[PDB]
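Before any questions on binding or motion, here is one chain by itself as structure tokens, the form deposited in one PDB entry.
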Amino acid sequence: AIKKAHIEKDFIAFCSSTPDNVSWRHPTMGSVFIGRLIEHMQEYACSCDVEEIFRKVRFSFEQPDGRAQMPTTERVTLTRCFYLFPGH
């Protein structure tokens, strides 16, 4: 037998800035959003679901300097918490 499934579900997108706005990159240090994401993933993958981690990344950008940007979570259809369970 056939069964219905949602066409779009279990997605999460994480963008480097808000719509209309620039995202920064350093010639030797790389892109700050990327570097910030790795650091937070390394630290928090063990204890936080990815949505929580993405919020924490956002929080780290809260205080604006000369190179300001605000990463944005987009089009979320995660119905459950996505824990990476690193080591397992």
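Start at 1 and count along the sequence shown; that's the residue number. Basically, rigid core = biggest C-alpha set you can superpose within 1.5 Å across the two forms.
Keep in mind the form deposited in another entry is missing from the figure; the text below concerns it.
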(request) Examine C15 after superposing the rigid core and state whether its CA is displaced by 2 Å or more between the shown form and the other one. (result) no
(request) Work out the direction of the Cα-Cα change for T18 and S31 in that other deposited form: closer or farther than in this form? It's 3 angstroms or more. (result) closer
(request) Based on a C-alpha change of 3 angstroms or more, tell me if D20 and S31 lie closer or farther in that other deposited form than in the shown form. (result) closer
